[PDB]
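No value in this document is a laboratory result; all are computed from the given coordinates. Because the Cβ atoms are built from the backbone with ideal geometry, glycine has one as well, and the counts that use them run over all protein chains shown.
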Amino acid sequence: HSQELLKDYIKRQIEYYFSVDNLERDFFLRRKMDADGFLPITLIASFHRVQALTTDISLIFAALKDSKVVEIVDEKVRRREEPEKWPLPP
């Protein structure tokens with residue numbers, strides 16, 4: 001119980017970054033994607049609103065695994081739906 005609510009806030013914050021509404025304006029995030037849409041999870045962990053909530057990387061991974069919006073492969077995360085649409089030149 002001790003971290004379940006915290007995990008939900010983290011999950012919702014990260015789902016915002018990967019929302020279409022945010023992605024349409026988030027040129028920084030898109031420049032950090034690889035060509036398949038993947039971003040380092042540690043980059044996401046450094047963002048102010050996530051870091052305010054936690055610095056516990058297992059908790060961040062556990063939150064991402066609870067999401068239908070994103071998917072994790074090893075150290076990286078991407079939007080599940082058409083991730084290839086979003087990357088931009090660095």
Subset of region 1-58 (residues that are exposed (fewer than 15 other Cβ atoms within 10 Å of the Cβ), of a type in the set (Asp, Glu) and closer than 22 Å to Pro89 by Cα): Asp21, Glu24, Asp34, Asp36
If a residue must be assigned to a helix (DSSP H, G or I), under 16 Å from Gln13 (Cβ atoms) and out of contact with any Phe, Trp or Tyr (no Cβ under 7 Å at 6 or more places or on another chain), how many such residues does region 45-87 contain? 15
Please tell me if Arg78 is under 9 Å from the mean Cα position of the chain (by Cα), under 16 Å from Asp26 (Cα atoms) and surrounded by 12 or more Cβ atoms within 10 Å (Cβ to Cβ). yes
Leading residue by the ranking (farthest from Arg78 (Cα to Cα)) among those in region 1-28 that are in contact with a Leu (Cβ under 7 Å, 6 or more places away or on another chain) and either without any contact (Cβ under 8 Å) to a residue 40 or more places away in the chain or hydroxyl-bearing (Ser, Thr, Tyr) (or both): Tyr9
